[PDB]
Amino acid sequence: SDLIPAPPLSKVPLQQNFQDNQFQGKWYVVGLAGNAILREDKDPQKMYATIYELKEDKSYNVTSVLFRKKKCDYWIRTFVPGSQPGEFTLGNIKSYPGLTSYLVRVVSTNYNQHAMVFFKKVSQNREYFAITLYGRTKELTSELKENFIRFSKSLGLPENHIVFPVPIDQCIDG
Ligand SMILES: N[C@H](CO)C(=O)OC[C@@H](N)C(=O)OC[C@H](NC(=O)c1cccc(O)c1O)C(=O)O
Ligand SMILES: [Fe+3]
């Protein structure tokens with residue numbers, strides 16, 4: 001119940017010329033970091049997928065599919081376009097008990113291989129933040145992973161708060 005403080009938004013770059021149409025589709029979480037994320041070598045974090053779908057109103061339908069307790073859970077929420085392109089807020093925030101704020105900032109992406117996305121939420125008055133290294137495939141170059149590690153560290157996170165989920169085939173394919 002001690003959190004590393006969220007960084008100031010100045011330390012989180014924004015992906016320039018964000019193309020919402022090109023960001024659509026399935027992304028694999030090849031890297032995950034955050035002040036509430038901890039490496040667990042006893043029971044390692046399994047890889048999951050997050051699928052982005054533009055609706056007519058240009059807001060995203062965001063579905064995360066995860067393999068947990070031998071079934072696939074489906075975490076659904078809406079990302080509403082924020083102050084500038086590549087920046088979002090959470091739609092229908094009142095339906096999530098405790099949530100007072102939620103921010104999404106796409107830091108960098110080339111749209112067809114990889115992406116880094118910054119998340120910040122204030123839940124039960126506690127300020128959580130996270131970065132995900134998204135991949136179009138389950139594997140990415142060690143270079144991109146090291147860059148993700150360097151970015152996470154630049155935001156105050158030590159490497160025991162930086163995990164690389166293990167590739168799986170259940171649920172996240174198809
Ligand atoms: N189900 C998967 C793990 O199998 C999962 O929820 O991990 C993703 C991660 N973002 C997360 O939700 O874990 C920590 C959790 N959430 C965050 O730290 C978090 C932080 C910033 C933005 C978010 O949407 C978050 O969910 C928490 O508050 O304890
Ligand atoms: Fe979450």
Side-chain angles (χ1 to χ4, degrees), residues 1-9 11-15 23 26-37 39 41 43-53 59-68 70-83 86-93 95-109 115-123 125 127-135 138 145 148-149 151-173:
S1 190
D2 287 357
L3 298 179
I4 296 178
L9 276 36
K11 288 197 176 186
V12 182
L14 177 71
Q15 171 56 67
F23 201 76
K26 196 203 287 167
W27 290 98
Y28 292 98
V29 179
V30 6
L32 188 65
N35 60 357
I37 315 305
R39 193 201 297 118
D41 297 313
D43 187 74
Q45 172 67 53
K46 285 166 189 163
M47 179 173 287
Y48 65 92
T50 298
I51 303 159
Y52 288 68
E53 291 180 346
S59 72
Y60 277 118
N61 221 99
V62 187
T63 305
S64 277
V65 62
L66 313 94
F67 182 53
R68 292 195 284 196
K70 279 145 190 171
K71 300 205 193 173
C72 323
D73 299 35
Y74 293 87
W75 187 241
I76 305 176
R77 72 288 197 189
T78 304
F79 291 167
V80 187
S83 56
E87 198 172 315
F88 308 85
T89 191
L90 187 66
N92 194 25
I93 195 172
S95 72
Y96 307 92
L99 267 59
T100 49
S101 179
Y102 197 98
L103 184 61
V104 187
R105 182 171 287 183
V106 173
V107 177
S108 59
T109 184
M116 282 209 297
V117 180
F118 176 89
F119 302 88
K120 187 163 81 74
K121 75 176 182 192
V122 177
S123 167
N125 303 295
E127 187 159 38
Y128 300 96
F129 79 97
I131 315 84
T132 64
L133 180 66
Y134 283 157
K138 299 174 185 174
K145 290 193 277 183
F148 167 70
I149 291 168
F151 182 59
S152 293
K153 283 180 173 166
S154 78
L155 301 182
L157 297 174
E159 67 185 51
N160 71 313
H161 283 258
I162 307 181
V163 308
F164 293 95
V166 182
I168 65 177
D169 290 352
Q170 292 95 335
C171 311
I172 65 177
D173 298 343

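Every number for a ligand or one of its atoms is a count from 1 in the order of the listing. One-based numbering along the sequence shown. In what follows, every heavy atom counts, from backbone to side chain, and hydrogens, waters and symmetry copies are set aside.
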Within reach of ligand 1, part of [X] (heavy-atom separation under 4.0 Å):
X: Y102; result: side chain
X: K46; result: neither
X: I37; result: side chain

Kindly determine whether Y128 and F119 satisfy side-chain contact (heavy atoms from CB on, under 4.5 Å), including the steps that lead there. CA-CA 8 Å; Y128 300 96; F119 302 88; over 6 Å; no
Which of the numbered atoms in ligand 1 are below 4.0 angstrom from a heavy atom of [X]?
X: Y48; value: 8 (C)
X: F119; value: 21 (C), 22 (C)
X: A36; value: 18 (O)
X: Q45; value: 3 (C), 4 (O)

Evaluate side-chain contact (heavy atoms from CB on, under 4.5 Å) for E127 paired with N35, printing each intermediate quantity in order. CA-CA 9 Å; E127 187 159 38; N35 60 357; 5.8 Å; no
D169/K138 salt bridge by N-O under 4.0 Å criterion: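 Yes.
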Are any of the N or O atoms of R68 closer than 3.5 Å to those of ligand 1?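 There is such a contact, yes.
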Report yes if some N/O of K121 lies less than 3.5 Å from some N/O of ligand 1; otherwise report no.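 N/O-N/O distance under 3.5 Å: yes.
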Report the C-alpha separation of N61 and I76 in whole Å, then their side-chain angles, then the decisive distance to 0.1 Å, and conclude whether the side-chain contact (heavy atoms from CB on, under 4.5 Å) test is met. CA-CA 8 Å; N61 221 99; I76 305 176; 4.0 Å; yes
How are the rings of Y134 and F23 set relative to one another: parallel (under 30°), tilted (30 to 60°) or perpendicular (over 60°)?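 Ring orientation, 0 to 90° scale: tilted.
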Taking the side chain as every heavy atom from C-beta outward, state whether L157 and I37 have any pair of such atoms under 4.5 Å apart.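 No - every pair of side-chain heavy atoms lies 4.5 Å or more apart.
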Side-chain donor-acceptor pair under 3.5 Å between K46 and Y48, yes or no?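 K46 vs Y48: no donor-acceptor pair found between side chains.
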